[PDB]
Every structure is written in structure tokens, then in C-alpha cells.
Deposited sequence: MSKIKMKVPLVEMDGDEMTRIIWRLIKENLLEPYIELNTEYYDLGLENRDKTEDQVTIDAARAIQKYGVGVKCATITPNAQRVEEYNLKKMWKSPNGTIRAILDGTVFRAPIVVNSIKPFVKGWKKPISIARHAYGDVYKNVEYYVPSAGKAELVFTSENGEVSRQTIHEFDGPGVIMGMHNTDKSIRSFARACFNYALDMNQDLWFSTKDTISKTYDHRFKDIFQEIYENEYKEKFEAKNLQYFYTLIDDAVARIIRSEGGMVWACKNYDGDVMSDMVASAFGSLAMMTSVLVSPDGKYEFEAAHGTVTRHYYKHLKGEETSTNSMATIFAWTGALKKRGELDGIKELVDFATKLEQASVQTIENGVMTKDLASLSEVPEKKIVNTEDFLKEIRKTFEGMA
């Protein structure tokens, strides 16, 4: 009997080839085993165009209603496509909209396969790089000599200023901010995801240098930990490591990976990504302070693992043991088929297995399905 679901998964459709691949994955790997229950939203460009993007907002809201969504890769509008599709507007990427409705923090993590060798030797468990909003502060270009200042005016009109620099030539000045609210929100999602994934949270700053700004991140994380997560972390023997950025990269490079690593709103994170292998071999997960999740691909492997992360999460929530086990089994089967040497052209240029059979995406999905049946 196929596995029975309860609460539906929010399923959001994407664009172009990933949309074919998404359907191919459902058809070969999920529907045979599970009586899929999803609430469907088409976030391909055409439907976004027709609904003037309302369908994206609807999808986010439905993630709030149910808890979990899974999302196909989508396109960001460009001179051509517009023409190509005759769209009314160059639309902002939906993930930006969905993130802000969810107030979510974003976690990216590699997909480990033994035959794809990390460049850091010991790194065999995925490290999740966490950011509160991944991909965007104010600048001003000084044309000539003068006095640059960082200035704050409170409600009541009181003004305070500090000198940034007294220029004697042209240059740039930059302002950065964070509200307590965004930091608390960042902290909660990080602690959620870490609990949810059963691994330690590491947060690092450079707070001996920045005596006020980084200090605030540090104190809010510690606050949020005590008042909100300490007891849960202990129950599962998870730890929260606060530390200096220098101390953390030395310690993490010395480890086996397998932890959640958060940093201030960028380079530490591409290093992690690249250290493990292609940036395609990667899951991307949005978590909210609230415990809402959306899984997306950061390559059929990423799309498979977006679905299995989502199924596994949806099943944990609903107490469907069978569904969580399915999701683990299908992940293991995906990896195992690569390890037996059947894979696509791109997995092959990454993998070390001595005898490889290269096949197309479709045949690949079919082989994972053969491996799954052997398990």
C-alpha cells in the first residue's frame, strides 16, 4: 500500500527544464510509493504573470497555514524572457517575496557523496551555512573634501552624531544597520533549524573589535538561547557555540562538519560551499522564527533532496514514521546509485568511482528507482 499523508505539502512549480525534471521526479520516485497530498501553486513565469504575482503571496501564506513547502527553481525575468513570454513586468524573484512573508533565514548545505571528495579532508558531514537574508546597506560617494558623519535623530527630535572621517579627497562611506527584532528573528530560526537537524549551532562575529554592533548579536543569541532553546538543546545533547570568527574557522576546519554555522549579514560561506564540491550539489532551506520551512534546490539530486527534506519534515510533524523513513531511504538510494557508478555527465566529472556508466537525467531517475527497490 502506498504511504498515506495527512496535512498537505505546499508544492510550488518552477520554470523551464527544472519543471520537467520536477515532474519526472514525482513520477518515478514519489507517486509510486506515496499517496502524494500537496496543495499546488504554479510559480512558473507564465502563471506569475497572469496572477500579477498574487500566486506567490498565496503560496507563502499557505506555507504559514500548513508548515512546510517545497519549491522548484524559478527564473528571474530578463529583457529577453519578457519578450520570449510577453510579460507585463520584470518581476522580483519569488524567493525574495516568500522569504519576507515568512520572515525566514536561509540555510544552505551540501549533499555529501563519498565518491565526491571534499577539498577539506575531514569534512564528511554537511555544514549548513545560515544567513538571515541572502543576496543584497547604503553607500555615498564623497566627491571632495569634507566631514562624514553617522547620525541618529530620535522620535523627539534629539540628534546625535559621530565623525566617520574627515576627507581630504574623494572616497566612499557606508552605513549598516540591524534591528533587535531582525537579530532575534535570525537567532530563533538558527536555533529551530539546529534542533530540527540535531546538530550544534555555531555563531561567530568579530566582537572584540566591534564593541557594540557585534556585541548586540552576541547578547541576543545568548538571551534567546537561555529563555528559549537551552532546555531543548540539552534534552538532545546539542550545544550552542558562540565564538570569534578566527577561532571558529580553525575549529571547524579541524572537524568532521555536521554543524549549523551562522554569521552576520559572505565569503566564509562560499568557501564552505566550494570546499564540498559544486554549488549545484546543495540544498537550500528557509526556516522561520516560527518553525515554518520551505525546501528548494540551491541537478536532479538537489531537487530530489528538496522533496525528501520536505517529506521528512512533513512526516515528523504529523507523526508518520513510514514517511520519514521513506525520505531517508530515497536519499540513501540516490546516493547509493551514484556510488554504484550510474550517474549523469555532471555527477561523473565530480565523482571518483572507477567504473562509471553515464546516462541521461531520465534514466538516472530510473536507476535510483531500481536501487530503491533493491533496498
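- Going by the record, the unmodelled stretches of the deposited sequence, in order, are 1, 138-140, 270-272, 306-324, 402.
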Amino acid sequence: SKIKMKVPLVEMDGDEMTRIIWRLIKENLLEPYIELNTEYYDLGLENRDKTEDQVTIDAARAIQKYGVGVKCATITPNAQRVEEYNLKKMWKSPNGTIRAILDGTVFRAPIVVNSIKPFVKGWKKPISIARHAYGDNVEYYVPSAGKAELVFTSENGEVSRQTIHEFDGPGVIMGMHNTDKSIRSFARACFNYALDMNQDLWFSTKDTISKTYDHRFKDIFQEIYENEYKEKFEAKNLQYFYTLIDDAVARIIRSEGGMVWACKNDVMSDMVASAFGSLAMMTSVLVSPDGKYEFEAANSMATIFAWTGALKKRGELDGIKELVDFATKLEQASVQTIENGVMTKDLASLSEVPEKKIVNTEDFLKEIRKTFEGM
From here on, numbers count along this sequence of modelled residues.
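- On average the C-alpha atoms of 201-209 have higher B-factors than those of the other stretch, with 201-209 and 144-152 being the two compared.
- Look at the C-alpha B-factors of 174-182 and of 73-81. On average they run higher in 73-81.
- Annotation for 161, 131, 218, 188: 131 ranks highest, by Cα B-factor.
- Of the candidates 260, 224, 109, 245, the deposited coordinates give 245 the top C-alpha B factor.
- Ranked against the other modelled residues of its chain, the C-alpha B-factor of residue 368 as given in the entry falls in the lowest third.
- Sorting the modelled residues of the chain by their CA temperature factor places residue 67 in the lowest third.
- Annotation for residue 353: C-alpha temperature factor in the middle third relative to the rest of the modelled chain, per the entry.
- In this PDB entry, the Cα temperature factor of residue 297 sits in the top third of its chain's modelled residues, the highest group.
- Per the deposited record, the Cα B-factor of residue 309 falls in the lowest third when ranked against the other modelled residues of its chain.
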